[PDB]
$ cat work22.cif   # mmCIF, C-alpha atoms and all ligand atoms
data_final
loop_
_atom_site.label_atom_id
_atom_site.label_comp_id
_atom_site.auth_asym_id
_atom_site.auth_seq_id
_atom_site.Cartn_x
_atom_site.Cartn_y
_atom_site.Cartn_z
CA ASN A 77 22.25 -0.59 7.02
CA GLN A 78 18.66 0.09 5.92
CA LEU A 79 18.92 -1.90 2.67
CA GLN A 80 20.66 -4.65 4.66
CA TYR A 81 17.59 -4.69 6.94
CA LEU A 82 15.13 -4.75 4.02
CA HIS A 83 17.08 -7.69 2.56
CA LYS A 84 17.98 -9.58 5.77
CA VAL A 85 14.73 -9.10 7.74
CA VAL A 86 11.86 -7.89 5.53
CA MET A 87 12.46 -9.88 2.33
CA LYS A 88 13.58 -12.95 4.31
CA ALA A 89 10.19 -13.09 6.09
CA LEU A 90 7.97 -12.25 3.09
CA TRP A 91 9.80 -14.55 0.63
CA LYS A 92 9.35 -17.53 3.03
CA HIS A 93 5.70 -16.69 3.64
CA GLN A 94 2.89 -19.10 2.75
CA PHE A 95 1.27 -16.50 0.47
CA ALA A 96 4.56 -15.51 -1.23
CA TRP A 97 4.30 -17.88 -4.24
CA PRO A 98 2.25 -15.71 -6.61
CA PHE A 99 4.65 -12.78 -6.07
CA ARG A 100 7.96 -14.64 -6.41
CA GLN A 101 8.24 -13.97 -10.17
CA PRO A 102 6.87 -11.41 -12.68
CA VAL A 103 3.24 -11.95 -13.73
CA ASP A 104 3.29 -13.93 -16.99
CA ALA A 105 0.21 -12.50 -18.73
CA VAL A 106 0.40 -15.04 -21.57
CA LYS A 107 0.63 -18.17 -19.38
CA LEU A 108 -1.99 -16.87 -16.92
CA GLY A 109 -4.26 -15.92 -19.85
CA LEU A 110 -4.64 -12.26 -18.89
CA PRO A 111 -4.60 -10.44 -22.27
CA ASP A 112 -5.36 -7.05 -20.62
CA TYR A 113 -2.88 -7.24 -17.71
CA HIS A 114 -0.27 -4.92 -19.27
CA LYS A 115 -2.97 -2.51 -20.50
CA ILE A 116 -4.12 -1.94 -16.91
CA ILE A 117 -0.83 -2.40 -15.03
CA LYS A 118 1.86 -0.10 -16.46
CA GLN A 119 4.66 -0.77 -13.94
CA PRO A 120 4.87 -4.49 -13.15
CA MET A 121 6.84 -5.51 -10.07
CA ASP A 122 7.46 -8.69 -8.08
CA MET A 123 9.48 -10.09 -5.18
CA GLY A 124 11.94 -11.89 -7.49
CA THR A 125 12.96 -8.58 -9.04
CA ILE A 126 13.20 -6.86 -5.63
CA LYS A 127 15.28 -9.75 -4.26
CA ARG A 128 17.75 -9.58 -7.16
CA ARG A 129 17.98 -5.80 -6.75
CA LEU A 130 18.74 -6.13 -3.03
CA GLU A 131 21.37 -8.80 -3.77
CA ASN A 132 23.05 -6.78 -6.54
CA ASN A 133 23.08 -3.44 -4.67
CA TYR A 134 20.72 -1.88 -7.23
CA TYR A 135 19.00 0.51 -4.77
CA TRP A 136 20.34 3.91 -3.56
CA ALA A 137 17.74 4.47 -0.83
CA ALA A 138 15.51 2.23 1.31
CA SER A 139 12.49 4.15 -0.01
CA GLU A 140 13.18 2.92 -3.56
CA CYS A 141 12.91 -0.68 -2.35
CA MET A 142 9.86 0.14 -0.26
CA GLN A 143 8.23 1.74 -3.31
CA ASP A 144 8.78 -1.49 -5.31
CA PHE A 145 6.99 -3.54 -2.60
CA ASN A 146 4.16 -0.98 -2.65
CA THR A 147 3.90 -1.08 -6.45
CA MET A 148 3.75 -4.90 -6.33
CA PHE A 149 0.85 -4.92 -3.84
CA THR A 150 -0.98 -2.01 -5.48
CA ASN A 151 -0.92 -3.68 -8.93
CA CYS A 152 -2.55 -6.71 -7.38
CA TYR A 153 -5.36 -4.63 -5.81
CA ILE A 154 -5.95 -2.61 -8.97
CA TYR A 155 -6.07 -5.49 -11.44
CA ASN A 156 -7.94 -8.13 -9.43
CA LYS A 157 -11.53 -8.30 -8.19
CA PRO A 158 -12.14 -7.51 -4.46
CA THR A 159 -13.30 -11.06 -3.64
CA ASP A 160 -10.23 -12.74 -5.19
CA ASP A 161 -7.98 -14.72 -2.83
CA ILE A 162 -4.85 -12.96 -4.18
CA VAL A 163 -6.28 -9.73 -2.71
CA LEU A 164 -6.41 -11.25 0.80
CA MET A 165 -2.93 -12.69 0.20
CA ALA A 166 -1.50 -9.28 -0.74
CA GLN A 167 -3.13 -7.63 2.31
CA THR A 168 -1.57 -10.17 4.65
CA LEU A 169 1.91 -9.74 3.16
CA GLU A 170 1.66 -5.92 3.03
CA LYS A 171 0.70 -5.78 6.73
CA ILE A 172 3.90 -7.69 7.63
CA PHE A 173 5.95 -5.48 5.28
CA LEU A 174 4.72 -2.28 6.98
CA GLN A 175 5.20 -3.74 10.47
CA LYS A 176 8.89 -4.46 9.81
CA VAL A 177 9.42 -1.15 7.97
CA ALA A 178 8.36 0.56 11.22
CA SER A 179 11.39 -1.13 12.90
CA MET A 180 13.90 -0.21 10.14
CA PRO A 181 17.23 1.22 11.38
CA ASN S 77 8.99 10.45 18.83
CA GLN S 78 7.77 8.26 15.96
CA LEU S 79 4.08 9.17 16.37
CA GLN S 80 5.16 12.81 16.72
CA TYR S 81 6.90 12.42 13.33
CA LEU S 82 3.87 10.75 11.71
CA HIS S 83 1.71 13.62 13.00
CA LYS S 84 4.12 16.56 12.53
CA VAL S 85 5.74 15.56 9.20
CA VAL S 86 3.77 12.83 7.41
CA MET S 87 0.16 13.87 8.12
CA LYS S 88 1.04 17.57 7.80
CA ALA S 89 2.25 17.01 4.20
CA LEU S 90 -0.51 14.61 3.08
CA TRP S 91 -3.39 16.58 4.68
CA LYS S 92 -2.27 19.76 2.83
CA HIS S 93 -1.84 17.91 -0.45
CA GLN S 94 -3.87 18.80 -3.55
CA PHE S 95 -5.25 15.24 -3.77
CA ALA S 96 -6.08 15.02 -0.03
CA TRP S 97 -9.74 16.16 -0.26
CA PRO S 98 -11.42 12.81 -0.98
CA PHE S 99 -9.60 11.21 1.98
CA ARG S 100 -10.17 13.94 4.58
CA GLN S 101 -13.39 12.35 5.91
CA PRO S 102 -14.97 8.86 5.97
CA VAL S 103 -16.57 7.74 2.69
CA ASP S 104 -20.29 8.56 2.92
CA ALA S 105 -21.77 5.69 0.88
CA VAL S 106 -25.28 7.18 0.97
CA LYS S 107 -24.33 10.69 -0.24
CA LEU S 108 -21.90 9.33 -2.86
CA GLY S 109 -24.56 6.82 -4.01
CA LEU S 110 -22.42 3.71 -3.51
CA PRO S 111 -24.90 1.12 -2.15
CA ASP S 112 -22.26 -1.68 -2.25
CA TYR S 113 -19.33 0.23 -0.68
CA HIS S 114 -19.65 -1.37 2.78
CA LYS S 115 -20.26 -4.82 1.27
CA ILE S 116 -16.87 -4.68 -0.46
CA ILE S 117 -14.89 -2.57 2.02
CA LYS S 118 -15.08 -4.07 5.52
CA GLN S 119 -12.64 -1.75 7.34
CA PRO S 120 -13.20 1.86 6.25
CA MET S 121 -10.46 4.37 7.06
CA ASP S 122 -9.67 7.99 6.25
CA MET S 123 -7.24 10.80 7.03
CA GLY S 124 -9.71 12.59 9.33
CA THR S 125 -9.86 9.56 11.61
CA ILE S 126 -6.06 9.12 11.54
CA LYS S 127 -5.56 12.82 12.30
CA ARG S 128 -7.89 12.70 15.32
CA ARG S 129 -6.15 9.54 16.54
CA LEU S 130 -2.72 11.19 16.29
CA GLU S 131 -4.04 14.28 18.12
CA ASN S 132 -5.69 12.27 20.91
CA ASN S 133 -2.77 9.85 21.48
CA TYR S 134 -4.88 6.88 20.34
CA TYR S 135 -1.95 4.87 18.88
CA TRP S 136 0.53 2.69 20.83
CA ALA S 137 2.95 2.07 17.96
CA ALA S 138 3.87 3.89 14.73
CA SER S 139 2.97 0.73 12.80
CA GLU S 140 -0.69 1.03 13.90
CA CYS S 141 -0.87 4.49 12.32
CA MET S 142 1.00 3.29 9.24
CA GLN S 143 -1.47 0.40 8.92
CA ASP S 144 -4.39 2.87 8.94
CA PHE S 145 -2.83 4.86 6.05
CA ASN S 146 -2.30 1.57 4.19
CA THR S 147 -5.89 0.44 4.80
CA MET S 148 -7.15 3.83 3.52
CA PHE S 149 -5.20 3.55 0.24
CA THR S 150 -5.91 -0.17 -0.22
CA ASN S 151 -9.69 0.33 0.14
CA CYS S 152 -9.53 2.89 -2.62
CA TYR S 153 -7.67 0.51 -4.98
CA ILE S 154 -9.96 -2.42 -4.20
CA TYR S 155 -13.29 -0.62 -4.58
CA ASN S 156 -12.58 1.65 -7.56
CA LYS S 157 -11.92 0.89 -11.23
CA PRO S 158 -8.25 1.07 -12.42
CA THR S 159 -8.89 4.05 -14.73
CA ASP S 160 -10.55 6.18 -12.01
CA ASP S 161 -8.80 9.42 -11.05
CA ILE S 162 -9.05 8.57 -7.33
CA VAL S 163 -6.72 5.63 -8.04
CA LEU S 164 -4.01 7.96 -9.43
CA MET S 165 -4.65 10.29 -6.48
CA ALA S 166 -4.15 7.49 -3.94
CA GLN S 167 -0.93 6.35 -5.68
CA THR S 168 0.52 9.84 -5.52
CA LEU S 169 -0.28 10.26 -1.81
CA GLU S 170 0.91 6.73 -0.90
CA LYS S 171 4.28 7.35 -2.61
CA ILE S 172 4.82 10.44 -0.40
CA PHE S 173 3.67 8.52 2.69
CA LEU S 174 6.23 5.74 2.08
CA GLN S 175 9.02 8.23 1.29
CA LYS S 176 8.59 9.98 4.66
CA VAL S 177 8.12 6.69 6.55
CA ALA S 178 11.61 5.75 5.31
CA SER S 179 12.93 8.82 7.24
CA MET S 180 11.00 8.07 10.47
CA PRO S 181 13.06 8.35 13.69
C1 LIG A 201 0.53 -11.58 -8.69
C2 LIG A 201 -0.78 -11.59 -9.38
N1 LIG A 201 -1.50 -10.54 -9.69
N2 LIG A 201 -2.64 -10.99 -10.32
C3 LIG A 201 -2.58 -12.30 -10.37
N3 LIG A 201 -1.40 -12.73 -9.79
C4 LIG A 201 -0.90 -14.07 -9.87
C5 LIG A 201 0.43 -14.26 -10.22
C6 LIG A 201 0.94 -15.53 -10.31
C7 LIG A 201 0.12 -16.62 -10.07
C8 LIG A 201 -1.20 -16.44 -9.74
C9 LIG A 201 -1.72 -15.16 -9.64
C10 LIG A 201 -3.13 -14.99 -9.27
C11 LIG A 201 -3.60 -15.86 -8.15
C12 LIG A 201 -2.80 -16.09 -7.05
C13 LIG A 201 -3.24 -16.89 -6.02
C14 LIG A 201 -4.49 -17.47 -6.08
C15 LIG A 201 -5.29 -17.25 -7.18
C16 LIG A 201 -4.84 -16.44 -8.21
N4 LIG A 201 -3.98 -14.20 -9.81
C17 LIG A 201 -3.52 -13.35 -10.91
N5 LIG A 201 -4.66 -12.67 -11.47
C18 LIG A 201 -5.57 -13.33 -12.20
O1 LIG A 201 -5.54 -14.52 -12.47
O2 LIG A 201 -6.55 -12.47 -12.61
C19 LIG A 201 -7.82 -13.10 -12.84
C20 LIG A 201 -8.40 -12.59 -14.11
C21 LIG A 201 -8.18 -13.26 -15.30
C22 LIG A 201 -8.73 -12.78 -16.47
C23 LIG A 201 -9.49 -11.63 -16.46
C24 LIG A 201 -9.72 -10.97 -15.27
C25 LIG A 201 -9.17 -11.45 -14.10
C1 LIG A 202 -12.10 7.93 -0.89
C2 LIG A 202 -12.89 7.27 -1.94
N1 LIG A 202 -12.90 5.99 -2.23
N2 LIG A 202 -13.78 5.80 -3.27
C3 LIG A 202 -14.28 6.97 -3.59
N3 LIG A 202 -13.75 7.95 -2.76
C4 LIG A 202 -14.25 9.29 -2.66
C5 LIG A 202 -14.47 9.82 -1.41
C6 LIG A 202 -14.95 11.11 -1.29
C7 LIG A 202 -15.21 11.85 -2.42
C8 LIG A 202 -14.99 11.32 -3.67
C9 LIG A 202 -14.51 10.03 -3.79
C10 LIG A 202 -14.28 9.49 -5.14
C11 LIG A 202 -13.60 10.43 -6.09
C12 LIG A 202 -12.57 11.23 -5.68
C13 LIG A 202 -11.95 12.09 -6.56
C14 LIG A 202 -12.37 12.15 -7.87
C15 LIG A 202 -13.40 11.34 -8.29
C16 LIG A 202 -14.02 10.49 -7.40
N4 LIG A 202 -14.60 8.33 -5.58
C17 LIG A 202 -15.27 7.41 -4.64
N5 LIG A 202 -15.68 6.24 -5.37
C18 LIG A 202 -16.70 6.29 -6.24
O1 LIG A 202 -17.37 7.28 -6.50
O2 LIG A 202 -16.90 5.06 -6.80
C19 LIG A 202 -17.48 5.11 -8.11
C20 LIG A 202 -18.56 4.08 -8.21
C21 LIG A 202 -19.86 4.40 -7.92
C22 LIG A 202 -20.85 3.43 -8.01
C23 LIG A 202 -20.52 2.15 -8.39
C24 LIG A 202 -19.22 1.83 -8.68
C25 LIG A 202 -18.24 2.80 -8.59
#

$ encode --input "work22.cif" --output "structure tokens" --more "lines below"
Ligand SMILES: Cc1nnc2n1-c1ccccc1C(c1ccccc1)=N[C@H]2NC(=O)OCc1ccccc1
Ligand SMILES: Cc1nnc2n1-c1ccccc1C(c1ccccc1)=N[C@H]2NC(=O)OCc1ccccc1
Amino acid sequence: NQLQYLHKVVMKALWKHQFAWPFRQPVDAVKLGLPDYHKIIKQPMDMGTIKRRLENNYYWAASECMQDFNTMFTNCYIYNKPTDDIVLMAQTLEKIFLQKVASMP
Amino acid sequence: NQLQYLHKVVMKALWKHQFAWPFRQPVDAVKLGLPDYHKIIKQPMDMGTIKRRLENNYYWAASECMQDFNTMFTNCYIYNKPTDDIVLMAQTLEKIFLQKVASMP
């Protein structure tokens, strides 16, 4: 019921979102040219991974899925500079995530 | 019911927590010697403010209170360096926040 909601309502909205594109797949540190990314960020996470996990019944509790969303956003804030656009993008998506989590069954 | 839960269960646990102390009052940029804090962080938030707001029935929806917790943690990640202790402290508290939010009525 709760994981159904996270998949059917929360992920549906965030995946579609205008600012979703950077978070749809794992950060490729080599392509992006970020040699220090995996030195700073120890637990990478992204929406593609969360989506697969929801589809394949990976999670046992809603909170596990919620923690993955949180880790995704947090990594972005920790690695990037405050003035970066990605930071505003993460904030916008996280706000919507928390709003819908408040309405979870 | 939901705001009661946020006050009685969520705030109760986080306020007591070992790592709560830096977040119990607004960041005093002058005392802490952070001249650029309010240039970078545009919406300051802290647990003291959230606690007063819960006590005084300030909030209309649980999500408003949840957004304040999120803003508090996010500010910490954006302003501080990745290796700072406060960053680990925020992560620990945020994990507990999200865990209890998953059990909200
Ligand atoms: C997700 C995520 N998390 N971080 C990043 N993405 C990301 C993932 C996939 C694609 C893009 C991005 C964007 C991005 C997103 C949107 C707009 C602009 C940028 N930015 C990436 N970070 C970056 O390029 O760091 C700059 C840097 C480089 C070297 C050293 C220090 C700092
Ligand atoms: C909350 C919160 N958010 N940021 C900070 N606190 C905070 C609030 C109240 C009290 C302490 C702290 C601690 C803290 C907390 C715990 C342990 C260590 C530190 N650190 C503060 N930041 C800081 O000193 O920046 C270093 C800096 C200075 C100048 C320039 C650049 C960077």

$ residues_near_ligand --input "work22.cif" --ligand "ligand LIG 201 (chain A)" --cutoff "12 Å" --atoms "all atoms listed in the file" --output "JSON, numbers by chain"
{"A": [94, 95, 96, 97, 98, 99, 100, 101, 102, 103, 104, 105, 106, 107, 108, 109, 110, 111, 112, 113, 114, 115, 116, 117, 120, 121, 122, 123, 124, 145, 147, 148, 149, 150, 151, 152, 153, 154, 155, 156, 157, 158, 159, 160, 161, 162, 163, 164, 165, 166]}

$ axis_aligned_box --input "work22.cif" --around "ligand LIG 202 (chain A)" --padding-each-side "4 Å" --output "JSON"
{"center_x": -16.4, "center_y": 7.0, "center_z": -4.8, "size_x": 16.9, "size_y": 18.3, "size_z": 15.8}

$ calpha_fit_and_write --input "work22.cif" --fixed "chain A" --moving "chain S" --output "mmCIF file with C-alpha atoms, keeping the file's coordinate frame"
data_model
loop_
_atom_site.group_PDB
_atom_site.id
_atom_site.type_symbol
_atom_site.label_atom_id
_atom_site.label_comp_id
_atom_site.auth_asym_id
_atom_site.auth_seq_id
_atom_site.Cartn_x
_atom_site.Cartn_y
_atom_site.Cartn_z
ATOM 1 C CA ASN S 77 22.246 -0.583 7.027
ATOM 2 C CA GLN S 78 18.662 0.089 5.920
ATOM 3 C CA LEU S 79 18.920 -1.905 2.669
ATOM 4 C CA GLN S 80 20.663 -4.653 4.656
ATOM 5 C CA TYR S 81 17.590 -4.684 6.943
ATOM 6 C CA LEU S 82 15.132 -4.748 4.019
ATOM 7 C CA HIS S 83 17.084 -7.683 2.557
ATOM 8 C CA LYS S 84 17.979 -9.579 5.763
ATOM 9 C CA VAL S 85 14.732 -9.094 7.746
ATOM 10 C CA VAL S 86 11.868 -7.890 5.534
ATOM 11 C CA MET S 87 12.460 -9.884 2.326
ATOM 12 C CA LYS S 88 13.578 -12.952 4.300
ATOM 13 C CA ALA S 89 10.187 -13.082 6.094
ATOM 14 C CA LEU S 90 7.966 -12.255 3.091
ATOM 15 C CA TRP S 91 9.801 -14.555 0.626
ATOM 16 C CA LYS S 92 9.345 -17.525 3.026
ATOM 17 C CA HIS S 93 5.700 -16.691 3.644
ATOM 18 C CA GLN S 94 2.896 -19.108 2.742
ATOM 19 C CA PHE S 95 1.265 -16.499 0.470
ATOM 20 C CA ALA S 96 4.556 -15.501 -1.232
ATOM 21 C CA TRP S 97 4.306 -17.876 -4.240
ATOM 22 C CA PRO S 98 2.250 -15.706 -6.612
ATOM 23 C CA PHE S 99 4.648 -12.774 -6.080
ATOM 24 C CA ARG S 100 7.957 -14.638 -6.413
ATOM 25 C CA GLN S 101 8.240 -13.976 -10.174
ATOM 26 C CA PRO S 102 6.870 -11.418 -12.676
ATOM 27 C CA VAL S 103 3.239 -11.950 -13.726
ATOM 28 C CA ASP S 104 3.295 -13.927 -16.990
ATOM 29 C CA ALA S 105 0.208 -12.500 -18.729
ATOM 30 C CA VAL S 106 0.397 -15.039 -21.569
ATOM 31 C CA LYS S 107 0.631 -18.175 -19.379
ATOM 32 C CA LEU S 108 -1.988 -16.874 -16.915
ATOM 33 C CA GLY S 109 -4.263 -15.923 -19.851
ATOM 34 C CA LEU S 110 -4.642 -12.257 -18.893
ATOM 35 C CA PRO S 111 -4.596 -10.436 -22.267
ATOM 36 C CA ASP S 112 -5.362 -7.044 -20.616
ATOM 37 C CA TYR S 113 -2.877 -7.244 -17.703
ATOM 38 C CA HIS S 114 -0.273 -4.922 -19.272
ATOM 39 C CA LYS S 115 -2.968 -2.516 -20.498
ATOM 40 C CA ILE S 116 -4.115 -1.947 -16.911
ATOM 41 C CA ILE S 117 -0.829 -2.394 -15.032
ATOM 42 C CA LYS S 118 1.863 -0.104 -16.461
ATOM 43 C CA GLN S 119 4.666 -0.768 -13.941
ATOM 44 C CA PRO S 120 4.866 -4.492 -13.149
ATOM 45 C CA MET S 121 6.835 -5.514 -10.061
ATOM 46 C CA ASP S 122 7.460 -8.687 -8.080
ATOM 47 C CA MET S 123 9.471 -10.095 -5.184
ATOM 48 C CA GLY S 124 11.940 -11.885 -7.485
ATOM 49 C CA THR S 125 12.964 -8.578 -9.041
ATOM 50 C CA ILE S 126 13.201 -6.863 -5.629
ATOM 51 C CA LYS S 127 15.276 -9.750 -4.258
ATOM 52 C CA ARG S 128 17.754 -9.583 -7.155
ATOM 53 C CA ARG S 129 17.977 -5.803 -6.750
ATOM 54 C CA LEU S 130 18.742 -6.128 -3.028
ATOM 55 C CA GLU S 131 21.374 -8.804 -3.772
ATOM 56 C CA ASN S 132 23.051 -6.785 -6.539
ATOM 57 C CA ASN S 133 23.075 -3.435 -4.672
ATOM 58 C CA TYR S 134 20.713 -1.878 -7.234
ATOM 59 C CA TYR S 135 19.000 0.516 -4.766
ATOM 60 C CA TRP S 136 20.336 3.902 -3.557
ATOM 61 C CA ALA S 137 17.746 4.468 -0.828
ATOM 62 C CA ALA S 138 15.505 2.230 1.309
ATOM 63 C CA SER S 139 12.488 4.153 -0.004
ATOM 64 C CA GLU S 140 13.174 2.914 -3.566
ATOM 65 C CA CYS S 141 12.911 -0.686 -2.352
ATOM 66 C CA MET S 142 9.855 0.139 -0.254
ATOM 67 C CA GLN S 143 8.238 1.738 -3.317
ATOM 68 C CA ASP S 144 8.779 -1.483 -5.307
ATOM 69 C CA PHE S 145 6.991 -3.545 -2.606
ATOM 70 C CA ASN S 146 4.165 -0.980 -2.646
ATOM 71 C CA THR S 147 3.899 -1.068 -6.449
ATOM 72 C CA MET S 148 3.759 -4.900 -6.327
ATOM 73 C CA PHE S 149 0.853 -4.923 -3.839
ATOM 74 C CA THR S 150 -0.976 -2.005 -5.480
ATOM 75 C CA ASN S 151 -0.920 -3.681 -8.923
ATOM 76 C CA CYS S 152 -2.555 -6.707 -7.384
ATOM 77 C CA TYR S 153 -5.362 -4.626 -5.808
ATOM 78 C CA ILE S 154 -5.951 -2.605 -8.971
ATOM 79 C CA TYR S 155 -6.068 -5.494 -11.444
ATOM 80 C CA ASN S 156 -7.943 -8.132 -9.429
ATOM 81 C CA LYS S 157 -11.536 -8.299 -8.187
ATOM 82 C CA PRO S 158 -12.134 -7.509 -4.454
ATOM 83 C CA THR S 159 -13.299 -11.059 -3.638
ATOM 84 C CA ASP S 160 -10.222 -12.741 -5.186
ATOM 85 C CA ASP S 161 -7.974 -14.718 -2.837
ATOM 86 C CA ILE S 162 -4.855 -12.962 -4.181
ATOM 87 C CA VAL S 163 -6.273 -9.734 -2.716
ATOM 88 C CA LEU S 164 -6.412 -11.252 0.802
ATOM 89 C CA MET S 165 -2.928 -12.684 0.206
ATOM 90 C CA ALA S 166 -1.503 -9.275 -0.740
ATOM 91 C CA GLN S 167 -3.132 -7.633 2.317
ATOM 92 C CA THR S 168 -1.574 -10.173 4.647
ATOM 93 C CA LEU S 169 1.919 -9.742 3.166
ATOM 94 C CA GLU S 170 1.657 -5.919 3.025
ATOM 95 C CA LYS S 171 0.696 -5.778 6.729
ATOM 96 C CA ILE S 172 3.905 -7.684 7.622
ATOM 97 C CA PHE S 173 5.953 -5.481 5.275
ATOM 98 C CA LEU S 174 4.711 -2.284 6.977
ATOM 99 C CA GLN S 175 5.196 -3.740 10.478
ATOM 100 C CA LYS S 176 8.889 -4.459 9.809
ATOM 101 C CA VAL S 177 9.421 -1.149 7.970
ATOM 102 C CA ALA S 178 8.359 0.557 11.220
ATOM 103 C CA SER S 179 11.394 -1.137 12.895
ATOM 104 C CA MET S 180 13.892 -0.207 10.135
ATOM 105 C CA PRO S 181 17.226 1.216 11.380
#

$ residues_around --input "work22.cif" --residues "residue 171 (chain S)" --least-positions-apart "5" --cutoff "9 Å" --atoms "all atoms listed in the file" --output "VMD selection string"
(chain A and resid 143 146) or (chain S and resid 166 176)

$ closest_residue --input "work22.cif" --among "A:89, A:172, A:80, A:167" --to "residue 133 (chain A)" --atoms "all atoms listed in the file"
A:80

$ atom_distance --input "work22.cif" --atom1 "CA of residue 129 (chain S)" --atom2 "CA of residue 179 (chain S)"
21.2 Å

$ atom_distance --input "work22.cif" --atom1 "CA of residue 127 (chain A)" --atom2 "CA of residue 144 (chain S)"
26.8 Å

$ atom_distance --input "work22.cif" --atom1 "atom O1 of ligand LIG 202 (chain A)" --atom2 "CA of residue 173 (chain A)"
29.1 Å

$ residues_around --input "work22.cif" --residues "residue 137 (chain S)" --least-positions-apart "6" --cutoff "10 Å" --atoms "all atoms listed in the file" --output "number ranges by chain"
A: 175, 178; S: 78-79

$ residues_around --input "work22.cif" --residues "residue 77 (chain S)" --least-positions-apart "5" --cutoff "10 Å" --atoms "all atoms listed in the file" --output "short mmCIF file (atom, residue, chain, number, x, y, z; two decimals) with C-alpha atoms, in the coordinates of the input"
data_model
loop_
_atom_site.label_atom_id
_atom_site.label_comp_id
_atom_site.auth_asym_id
_atom_site.auth_seq_id
_atom_site.Cartn_x
_atom_site.Cartn_y
_atom_site.Cartn_z
CA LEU S 82 3.87 10.75 11.71
CA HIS S 83 1.71 13.62 13.00
CA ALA S 138 3.87 3.89 14.73
CA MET S 180 11.00 8.07 10.47
CA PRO S 181 13.06 8.35 13.69
#

$ closest_residue --input "work22.cif" --among "S:174, S:85, S:141, S:90" --to "chain A" --atoms "all atoms listed in the file"
S:174

$ decode --input "work22.cif" --residues "region 101-116 of chain A" --atoms "N, CA and C atoms" --output "tab-separated table (two decimals), in the first residue's frame"
chain	number	residue	atom	x	y	z
A	101	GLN	N	19.64	8.71	-13.57
A	101	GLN	CA	20.64	7.65	-13.66
A	101	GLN	C	21.79	7.94	-12.68
A	102	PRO	N	22.55	6.90	-12.27
A	102	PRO	CA	23.69	7.16	-11.38
A	102	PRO	C	24.66	8.19	-11.95
A	103	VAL	N	25.23	9.01	-11.08
A	103	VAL	CA	26.26	9.97	-11.48
A	103	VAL	C	27.45	9.22	-12.07
A	104	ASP	N	27.80	9.54	-13.32
A	104	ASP	CA	28.96	8.94	-13.98
A	104	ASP	C	30.14	9.90	-13.79
A	105	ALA	N	30.93	9.64	-12.75
A	105	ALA	CA	32.04	10.53	-12.38
A	105	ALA	C	33.07	10.70	-13.49
A	106	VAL	N	33.29	9.65	-14.28
A	106	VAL	CA	34.26	9.70	-15.37
A	106	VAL	C	33.78	10.59	-16.52
A	107	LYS	N	32.57	10.33	-17.02
A	107	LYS	CA	31.97	11.17	-18.07
A	107	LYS	C	31.86	12.63	-17.65
A	108	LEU	N	31.33	12.87	-16.45
A	108	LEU	CA	31.13	14.23	-15.94
A	108	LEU	C	32.44	14.92	-15.57
A	109	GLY	N	33.52	14.15	-15.46
A	109	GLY	CA	34.84	14.70	-15.16
A	109	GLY	C	34.96	15.15	-13.71
A	110	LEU	N	34.42	14.35	-12.80
A	110	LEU	CA	34.46	14.62	-11.37
A	110	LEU	C	35.33	13.56	-10.68
A	111	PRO	N	36.67	13.69	-10.78
A	111	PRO	CA	37.56	12.69	-10.19
A	111	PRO	C	37.35	12.42	-8.69
A	112	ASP	N	36.88	13.42	-7.95
A	112	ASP	CA	36.73	13.30	-6.49
A	112	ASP	C	35.31	12.93	-6.02
A	113	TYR	N	34.39	12.70	-6.96
A	113	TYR	CA	32.99	12.47	-6.59
A	113	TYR	C	32.85	11.32	-5.59
A	114	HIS	N	33.46	10.18	-5.89
A	114	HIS	CA	33.33	8.99	-5.04
A	114	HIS	C	34.26	8.98	-3.81
A	115	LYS	N	35.12	9.99	-3.70
A	115	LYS	CA	35.86	10.25	-2.47
A	115	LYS	C	34.96	10.96	-1.45
A	116	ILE	N	34.14	11.88	-1.95
A	116	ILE	CA	33.28	12.70	-1.10
A	116	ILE	C	31.96	11.98	-0.81
